[PDB]
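The structure tokens that follow cover one protein chain in two forms, given apart as structure 1 and structure 2.
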Structure 1
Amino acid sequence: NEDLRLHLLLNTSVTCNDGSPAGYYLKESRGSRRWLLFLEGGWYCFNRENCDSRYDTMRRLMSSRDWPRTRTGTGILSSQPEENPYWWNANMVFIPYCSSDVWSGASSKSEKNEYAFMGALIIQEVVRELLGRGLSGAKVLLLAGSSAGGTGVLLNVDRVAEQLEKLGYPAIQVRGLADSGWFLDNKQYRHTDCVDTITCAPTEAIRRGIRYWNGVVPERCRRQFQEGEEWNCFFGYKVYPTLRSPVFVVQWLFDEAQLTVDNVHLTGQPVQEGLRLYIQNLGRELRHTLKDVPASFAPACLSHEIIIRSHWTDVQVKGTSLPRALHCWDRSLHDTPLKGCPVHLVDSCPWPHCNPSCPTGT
């Protein structure tokens, strides 16, 4: 029985995009004081037309009406040590992404809003409801997430810490694990002005999204960038230095979503000099942004997401797997580097699949 069970939120004002209740899937582990709260990813929408299209063909990302009663935990959400060497005995929570707002929104469906964008409030409400289901006894709350959910970790981890402090639980240690959500606002390989969804670069799409969602960002980052510039806080290398909670960053050096938003579409044809240099510079820039991130795992592979994949234990950087690096991170946060137990693991080779342990794509 690997199953997490669905609970729809008791506060029915906290909703998915279409006004159906948001929710969470939970598998308790009696007697563990560790809680893993995972934020699903799945891109985002930023205006009426592209949200309407998402509602037709990605409806589970906008509504709870068709969610199943259970889900199987995989990767870091597995309860089997064979699959999850890191946290197999933890309390497991999977929070479906049904707000299409990179977990940033704070707006309800109303006479002026066709859709609700409540991602930031969904996280707060899940935490509130879990406190009565055992989270009050926690020693560590790891807020994890992949893709848009990894960016969601960066945007929300300090708010979870603040919420728990204000509710009277200052002993729960809040930490973040951001997988595949560390994007660059870099020069694109080909460029289009923002005239529709597919042509709109991330900085422009997110600047529009924040206004459409009533998006919120972490306070220290908001104070740096100020009004109109909060889109900056969606880029990991800019928001990370403002955060107080410990955050472990997992990012492929050649992330497929980064390449997509850079207008790079590989085709198996030979790569010529311009694109070769572009890809190599992308890996170098990503590595440079991680230079001062002490807890990080960044393999030289063309891929996207890792922590909820069943074979997540297979990739290694410098001979260390991700479950090992996460364990070393836990040790480093006990009340000086550790012999043979590294936490900063960034590949230096310059081309996808120069690391032989990269996912095969099979």
Structure 2
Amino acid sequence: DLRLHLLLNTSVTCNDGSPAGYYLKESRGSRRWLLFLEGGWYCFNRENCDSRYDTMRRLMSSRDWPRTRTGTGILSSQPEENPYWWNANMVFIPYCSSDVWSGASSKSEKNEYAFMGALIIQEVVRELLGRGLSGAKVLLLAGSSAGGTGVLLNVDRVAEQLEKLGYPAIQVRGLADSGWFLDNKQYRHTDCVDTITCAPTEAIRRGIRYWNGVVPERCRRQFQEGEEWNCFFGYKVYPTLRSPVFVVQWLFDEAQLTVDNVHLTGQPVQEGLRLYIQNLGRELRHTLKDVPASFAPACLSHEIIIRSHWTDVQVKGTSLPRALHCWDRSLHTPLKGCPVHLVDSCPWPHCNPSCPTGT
């Protein structure tokens, strides 16, 4: 179990003004710290956020949070479930800002909701320093889905935060799971009327203005004022980052296909949709060609690293926990039989036999 701690700074809040927080399971004598960013889509206007508040309220409020959570996958403390960092200090940061961890806006007179995702991360790091993070040697900022994109948006700010607070020895690194999306065209066009089927570009363009979202500085300097939505897309923001970032992404990510208005029905796949799915797989594969630390299996799925069976998937015979361990060694010339760049080359969902079954 990880134990809940609500933030002492109650100005840093979830959407509805309730205090944000984090779940912590300490490991004394370990200088490794894993801070995981939960995912869970987003909402980019009052109408959609109101709907999210009656039926997905735990993603917008801490009022009903349990006082403990069980660590799973990379957050598990059992070596059997987590061969990678089973002995690390475990932190699970709940996603309650609906802003892809980008917001820096307080609830106010003029704002019905607070979007403080970027400030929640900064405040968690600040309050953890008094609980042992000051003695850390590696801080791995991880996250899945919207949390994976949040890693790309915030990993360098965490590094700059610790540097300015006087902790230059803490190595900040990023692990982005299932947050590497493409601003491609939809298979069938919709007008952006709701969340899940809104095209990627239009959803973020509306969200960043609604949340007062912040992006990494160097990426902001490239795309400049009004075009900061570009920095939510991994292949554009990754080359501007300086912290080492390991990228985990299914080649045929289900959330990517959802915003692309692709609904795989079990029905026969016609030529047009077959070419679309195969071309989507190529575009990931191409966008990851120059990403030295990456794990990209050819599967139709979504999220990996906190699933209890995340150890099962392999690319070229290497599991993700092994690839991450190889990444650790590389950050001490390639290593003999311990690879870090693992991108499937086969063109169709589940051509890798180790893909998740969905059972």
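Between two forms, the rigid core is defined as the largest C-alpha subset superposing within 1.5 Å. Residue 1 is the first residue of structure 1, and the numbers go on in sequence order from there.
Taking only shifts of 2 Å or more in Cα after a rigid core superposition between the two structures, tell me which of 264, 106, 140, 194 qualifies.
Single hit from the list, 194.
What is the C-alpha shift for residue 205 between the two structures, rigid core superposed, to one decimal in Å?
It moves 1.3 Å at the C-alpha.
Quick one: how many Å does the C-alpha of residue 316 shift between the two structures once the rigid core is superposed?
In the core superposition between the two structures, the C-alpha of residue 316 moves 0.1 Å.
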